[PDB]
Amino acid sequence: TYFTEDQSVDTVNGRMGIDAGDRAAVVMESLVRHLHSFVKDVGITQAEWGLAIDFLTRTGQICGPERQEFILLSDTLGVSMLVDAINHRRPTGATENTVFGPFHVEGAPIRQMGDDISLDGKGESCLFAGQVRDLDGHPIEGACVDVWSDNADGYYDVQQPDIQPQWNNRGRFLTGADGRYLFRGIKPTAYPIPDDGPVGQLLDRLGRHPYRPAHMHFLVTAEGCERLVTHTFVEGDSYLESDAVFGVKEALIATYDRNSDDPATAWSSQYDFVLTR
């Protein structure tokens, strides 16, 4: 007949004109099924529906050059981490992926080893070093170590374009024959995700804080290897067990050593990445 509540799912899915084995049909069949199930499960009202419409609208409207509020929504509802988890499984011993987040920027300067990526000098100086190897234990020559962090104010460069220098706490480093990287930066600082839009509103309404534990992002790539999209977390950070975006993994926690002794930098963090074929 016409639409009924009991046949809502079949009614909507049955309008599709594409073959059932087309990937879009498989995805959309499940999306509609789950969406209808949700609405029925909690009895979404007309007013609640209107709230949702308004929220989704504002979420897209606040997106633009320096802000991806839909990524933040995905991130804070654990969707991003879940997508990473089911797609980027790897053997024991290989460094684990985690949530990408929205603040990677392609085409960062290719810098020299030992260069200082902290261009505004805000934070405590830190020496970052380690080795890229394959799963069989061999250093990889010509791996690209693409790194990004916030500054001491809790912001990535792209969040404060007219304040932070371009490429602040960003750089790309290409390993030599020994697989080693080394650069100077600052010790990362815990930061709230942008909380002045819908995502911040929702966290507030759920009695959730917006913070992530301090971390340095590493995107490590090499010919013939799976792309490693990860971060290292500052050991001891108070938010390690309450990351707003669910990104922490035990093995990604990095030690930070205080350097009275080597006063080139105040801190050092050593961390080795292991890629798979």
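From 1 onward, residues are counted along the sequence shown.
- On average the C-alpha atoms of 158-166 have higher B-factors than those of the other stretch, with 158-166 and 104-112 being the two compared.
- Averaged over CA atoms, B-factors in the entry run higher in 62-70 than in the other of 26-34 and 62-70.
- When the Cα B-factors of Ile193, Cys144, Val132, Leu82 are read from the PDB record, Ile193 comes out highest.
- The PDB entry gives the largest Cα B-factor of the residues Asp178, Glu96, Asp136, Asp75 to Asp136.
- Among the modelled residues of the chain, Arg172 sits in the lowest third by CA temperature factor in this PDB entry.
- Per the PDB record, residue ranking by Cα B-factor puts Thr221 in the middle third of the chain.
- In the deposited entry, the Cα temperature factor of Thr57 sits in the bottom third of values across the chain's modelled residues.
- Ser238: CA B factor in the highest third of modelled residues in this chain (values from the PDB entry).
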